[PDB]
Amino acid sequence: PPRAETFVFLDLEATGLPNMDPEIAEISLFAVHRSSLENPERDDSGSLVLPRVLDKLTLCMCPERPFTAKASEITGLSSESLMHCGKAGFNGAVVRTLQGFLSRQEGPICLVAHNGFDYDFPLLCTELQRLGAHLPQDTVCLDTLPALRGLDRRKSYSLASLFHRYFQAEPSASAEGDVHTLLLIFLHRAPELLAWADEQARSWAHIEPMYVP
């Protein structure tokens, strides 16, 4: 379990759930240094605020197979609208951009996604292995769903549910939006989650594909 110096928060918008089999339609990543997590920035209010030095990347993609009913509803993305905008599928350009973006961070990198172990990380591994693409060997993975459940001790643990409990308001409306809320949820329990990550972060190389292309 290597100590992560940069935490990259990600969320994936897909054609549906694991049985589709889904493809990434939109990827979003917020890259925050560990420093900004150890001592958070606050307003004069003072409410929690996202770090000033914040590296960000969002890429839209047109998937090979169509969306499902509920998916295209909760994403605002169709296969033709993404194609109307000239967005290709998950290809080599994505990888070169993604890896360049990750290269701009100070490793080791800890990818963070809500329910990442059961969705985001396998989905990404599938799309990356199809192209023979690799992330840095020292990359690790943090899933906030088992982490926040294990730290608490019935109760809900949905992203929207967690945010509604930690922050009395309700989150904003995109992949980039979900990363935002997740980053906020993290900051609210930063020293706890930072500890959980330093101990139980799973190596990215150990993440298995969700489905073999």
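Residue indices: 1-based, along the sequence shown.
Among other deposited entries of this protein with both flanking residues present, at least a third omit coordinates for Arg154. Compared with other deposited structures of the same protein, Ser45 meets the criterion of being unmodelled in at least one third of those that resolve residues on both sides. Per the record, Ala69 and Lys70 are directly connected, as no deposited residue between them is missing from the model. According to the record, the deposited sequence contains 10 or more residues between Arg153 and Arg154 that were left without coordinates. The mean Cα B-factor in the deposited entry runs higher for 69-77 than for the other of 130-138 and 69-77. Annotation for 198-206 versus 5-13: the higher mean temperature factor (C-alpha) is found in 198-206. Between the residues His164, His180, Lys56, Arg34, it is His164 that shows the highest Cα B-factor in the PDB record. When the modelled residues of the chain are ordered by C-alpha B-factor, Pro40 sits in the middle third. Per-chain ranking of the deposited C-alpha B factor places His188 in the middle third. Sort the modelled residues of the chain by CA B factor and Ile27 lands in the lowest third. Ranked by C-alpha B-factor against the other modelled residues of its chain, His84 falls in the highest third.
Per the deposited record, the Cα B-factor of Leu48 falls in the highest third when ranked against the other modelled residues of its chain.
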